>>> print(open('structure-v8.pdb').read())   # PDB, C-alpha atoms (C1' of nucleotides)
ATOM      1  CA  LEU A   9     -73.716 -70.504  76.037
ATOM      2  CA  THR A  10     -73.109 -69.140  72.537
ATOM      3  CA  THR A  11     -76.680 -67.932  71.993
ATOM      4  CA  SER A  12     -77.325 -66.854  75.589
ATOM      5  CA  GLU A  13     -74.107 -64.821  75.558
ATOM      6  CA  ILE A  14     -75.290 -62.991  72.433
ATOM      7  CA  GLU A  15     -78.876 -62.487  73.601
ATOM      8  CA  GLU A  16     -77.761 -60.913  76.884
ATOM      9  CA  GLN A  17     -75.507 -58.391  75.137
ATOM     10  CA  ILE A  18     -77.790 -57.412  72.241
ATOM     11  CA  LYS A  19     -81.147 -56.701  73.871
ATOM     12  CA  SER A  20     -79.689 -56.132  77.350
ATOM     13  CA  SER A  21     -76.720 -53.912  78.204
ATOM     14  CA  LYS A  22     -77.268 -52.228  74.835
ATOM     15  CA  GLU A  23     -80.857 -50.986  74.930
ATOM     16  CA  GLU A  24     -80.352 -50.519  78.674
ATOM     17  CA  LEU A  25     -77.384 -48.238  77.978
ATOM     18  CA  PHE A  26     -79.463 -46.414  75.357
ATOM     19  CA  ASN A  27     -81.943 -45.388  78.056
ATOM     20  CA  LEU A  28     -79.192 -44.253  80.433
ATOM     21  CA  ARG A  29     -77.516 -42.000  77.863
ATOM     22  CA  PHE A  30     -80.927 -40.799  76.671
ATOM     23  CA  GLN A  31     -82.141 -40.153  80.223
ATOM     24  CA  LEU A  32     -78.970 -38.274  81.180
ATOM     25  CA  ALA A  33     -79.151 -35.912  78.197
ATOM     26  CA  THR A  34     -82.699 -34.897  79.142
ATOM     27  CA  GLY A  35     -81.426 -33.984  82.616
ATOM     28  CA  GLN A  36     -83.185 -36.601  84.743
ATOM     29  CA  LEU A  37     -80.613 -39.407  85.139
ATOM     30  CA  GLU A  38     -78.615 -39.698  88.352
ATOM     31  CA  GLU A  39     -76.512 -42.739  89.330
ATOM     32  CA  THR A  40     -73.798 -41.975  86.778
ATOM     33  CA  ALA A  41     -71.826 -45.021  87.968
ATOM     34  CA  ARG A  42     -74.258 -47.290  86.081
ATOM     35  CA  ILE A  43     -73.079 -46.350  82.575
ATOM     36  CA  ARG A  44     -69.422 -47.354  82.908
ATOM     37  CA  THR A  45     -70.492 -50.503  84.768
ATOM     38  CA  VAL A  46     -72.599 -51.590  81.786
ATOM     39  CA  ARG A  47     -70.071 -50.416  79.189
ATOM     40  CA  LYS A  48     -67.466 -52.843  80.545
ATOM     41  CA  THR A  49     -69.987 -55.688  80.816
ATOM     42  CA  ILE A  50     -70.307 -55.726  77.020
ATOM     43  CA  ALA A  51     -66.512 -55.755  76.741
ATOM     44  CA  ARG A  52     -66.303 -58.962  78.789
ATOM     45  CA  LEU A  53     -69.121 -60.694  76.899
ATOM     46  CA  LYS A  54     -67.395 -59.951  73.581
ATOM     47  CA  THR A  55     -64.079 -61.219  74.982
ATOM     48  CA  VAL A  56     -65.425 -64.693  75.789
ATOM     49  CA  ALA A  57     -67.335 -64.976  72.509
ATOM     50  CA  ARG A  58     -64.239 -64.037  70.493
ATOM     51  CA  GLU A  59     -61.905 -66.563  72.147
ATOM     52  CA  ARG A  60     -64.513 -69.328  72.400
ATOM     53  CA  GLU A  61     -65.305 -68.998  68.672
TER
ATOM     54  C1'   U B   1     -34.692  64.514 107.029
ATOM     55  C1'   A B   2     -26.195  64.245 105.600
ATOM     56  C1'   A B   3     -21.493  61.004 104.110
ATOM     57  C1'   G B   4     -20.081  55.858 104.459
ATOM     58  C1'   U B   5     -20.506  50.589 105.356
ATOM     59  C1'   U B   6     -22.770  45.659 105.744
ATOM     60  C1'   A B   7     -27.109  42.099 106.204
ATOM     61  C1'   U B   8     -32.107  39.001 105.616
ATOM     62  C1'   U B   9     -35.375  37.357 101.273
ATOM     63  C1'   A B  10     -34.946  31.534  97.347
ATOM     64  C1'   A B  11     -39.461  31.758  92.348
ATOM     65  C1'   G B  12     -35.705  27.782  91.371
ATOM     66  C1'   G B  13     -30.779  25.294  91.536
ATOM     67  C1'   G B  14     -26.125  22.869  93.987
ATOM     68  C1'   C B  15     -23.600  19.380  97.747
ATOM     69  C1'   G B  16     -24.374  15.929 101.955
ATOM     70  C1'   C B  17     -27.660  12.753 104.679
ATOM     71  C1'   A B  18     -32.437   9.976 105.883
ATOM     72  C1'   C B  19     -36.669   7.238 103.979
ATOM     73  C1'   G B  20     -39.515   5.188  99.732
ATOM     74  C1'   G B  21     -40.664   3.400  94.189
ATOM     75  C1'   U B  22     -39.117   1.254  89.447
ATOM     76  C1'   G B  23     -35.860  -2.629  87.714
ATOM     77  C1'   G B  24     -34.130  -7.904  87.951
ATOM     78  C1'   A B  25     -27.867  -7.974  88.608
ATOM     79  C1'   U B  26     -25.450 -10.916  92.594
ATOM     80  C1'   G B  27     -25.351 -15.239  96.249
ATOM     81  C1'   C B  28     -27.394 -20.081  97.310
ATOM     82  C1'   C B  29     -30.438 -24.017  94.879
ATOM     83  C1'   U B  30     -32.031 -28.358  90.506
ATOM     84  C1'   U B  31     -37.372 -31.611  87.471
ATOM     85  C1'   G B  32     -32.729 -30.318  82.402
ATOM     86  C1'   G B  33     -28.224 -31.019  79.655
ATOM     87  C1'   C B  34     -22.797 -32.355  77.923
ATOM     88  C1'   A B  35     -18.442 -35.750  77.390
ATOM     89  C1'   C B  36     -17.467 -41.038  78.456
ATOM     90  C1'   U B  37     -16.676 -46.548  80.486
ATOM     91  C1'   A B  38     -18.770 -51.699  80.356
ATOM     92  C1'   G B  39     -22.584 -55.178  78.655
ATOM     93  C1'   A B  40     -26.814 -56.045  75.540
ATOM     94  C1'   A B  41     -27.917 -55.526  70.781
ATOM     95  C1'   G B  42     -28.114 -53.315  65.464
ATOM     96  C1'   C B  43     -33.950 -53.520  61.592
ATOM     97  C1'   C B  44     -39.973 -53.008  60.637
ATOM     98  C1'   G B  45     -43.503 -53.678  56.206
ATOM     99  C1'   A B  46     -49.184 -56.335  51.481
ATOM    100  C1'   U B  47     -50.771 -61.127  57.961
ATOM    101  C1'   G B  48     -50.993 -53.321  55.932
ATOM    102  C1'   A B  49     -45.089 -50.428  58.092
ATOM    103  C1'   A B  50     -42.504 -45.521  59.808
ATOM    104  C1'   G B  51     -45.414 -40.971  60.846
ATOM    105  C1'   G B  52     -50.443 -38.723  61.026
ATOM    106  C1'   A B  53     -56.200 -37.213  61.118
ATOM    107  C1'   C B  54     -60.506 -37.902  63.846
ATOM    108  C1'   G B  55     -62.468 -40.051  68.223
ATOM    109  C1'   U B  56     -63.017 -42.379  73.553
ATOM    110  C1'   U B  57     -64.465 -40.082  80.650
ATOM    111  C1'   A B  58     -70.311 -38.229  85.286
ATOM    112  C1'   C B  59     -69.455 -32.704  83.358
ATOM    113  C1'   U B  60     -63.309 -32.429  79.633
ATOM    114  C1'   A B  61     -59.772 -26.732  76.224
ATOM    115  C1'   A B  62     -55.160 -29.360  76.206
ATOM    116  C1'   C B  63     -50.790 -33.147  77.742
ATOM    117  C1'   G B  64     -50.303 -38.809  78.543
ATOM    118  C1'   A B  65     -52.676 -43.453  77.765
ATOM    119  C1'   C B  66     -56.218 -46.203  74.813
ATOM    120  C1'   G B  67     -59.487 -47.455  69.439
ATOM    121  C1'   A B  68     -66.832 -48.192  68.412
ATOM    122  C1'   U B  69     -64.670 -54.263  73.453
ATOM    123  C1'   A B  70     -62.103 -46.815  72.885
ATOM    124  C1'   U B  71     -59.209 -42.728  80.110
ATOM    125  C1'   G B  72     -59.786 -50.070  78.486
ATOM    126  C1'   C B  73     -61.294 -56.260  78.175
ATOM    127  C1'   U B  74     -59.224 -61.837  79.393
ATOM    128  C1'   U B  75     -55.750 -65.057  81.376
ATOM    129  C1'   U B  76     -51.034 -66.721  83.828
ATOM    130  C1'   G B  77     -47.528 -65.076  88.087
ATOM    131  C1'   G B  78     -45.799 -61.129  91.519
ATOM    132  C1'   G B  79     -47.794 -57.534  95.622
TER
END
>>> encode(input="structure-v8.pdb", output="structure tokens")
Amino acid sequence: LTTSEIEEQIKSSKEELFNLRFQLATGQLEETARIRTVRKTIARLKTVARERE
RNA sequence: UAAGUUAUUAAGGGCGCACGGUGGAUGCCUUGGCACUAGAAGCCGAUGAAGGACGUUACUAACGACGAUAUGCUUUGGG
């Protein structure tokens, strides 16, 4: 859905990535494979929203 | 302790030979080039061009690829 697609990307996958990058810099964030996995999730959400228009 | 005569020494050097260094010629190689044949095909840009700067990865100087959807995203067919 138009709104659900936006809500999931804005509050989730964005603030979630903020914590990962923040946690890593402090030196207490393992599981590095979770950043790239979330980075590309936003790319797919913005691909559907742009073509659906 | 007479008259006469002729040798060794090699501080160093010369010639020959043996065995080592320095140096990168020669032989054998090719990821790179040069001269051509035939068939395409001979422009891009204000709907922002040709070339550039700065950025993008789990840590990333710099080469290639990408542009805040950043070392990639979707879909349609090959494997």
>>> interface_residues(input="structure-v8.pdb", of="chain B", to="chain A", cutoff="7 Å", atoms="only C-alpha atoms (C1' of nucleotides)", output="list in words")
residues 58, 69, 73 and 74 of chain B
>>> atom_distance(input="structure-v8.pdb", atom1="CA of residue 18 (chain A)", atom2="CA of residue 60 (chain A)")
17.8 Å
>>> atom_distance(input="structure-v8.pdb", atom1="CA of residue 46 (chain A)", atom2="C1' of residue 67 (chain B)")
18.5 Å
>>> closest_residue(input="structure-v8.pdb", among="A:61, A:26, A:33, A:45", to="residue 11 (chain A)", atoms="only C-alpha atoms")
A:61
>>> axis_aligned_box(input="structure-v8.pdb", around="region 43-58 of chain B", padding_each_side="5 Å", output="JSON")
{"center_x": -52.1, "center_y": -49.2, "center_z": 68.4, "size_x": 46.4, "size_y": 33.9, "size_z": 43.8}
>>> atom_distance(input="structure-v8.pdb", atom1="CA of residue 57 (chain A)", atom2="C1' of residue 76 (chain B)")
19.9 Å
>>> resolve_selection(input="structure-v8.pdb", expression="the PyMOL selection byres ((chain B and resi 71) around 9)", output="list in words")
residues 56, 57, 65, 66, 70 and 72 of chain B
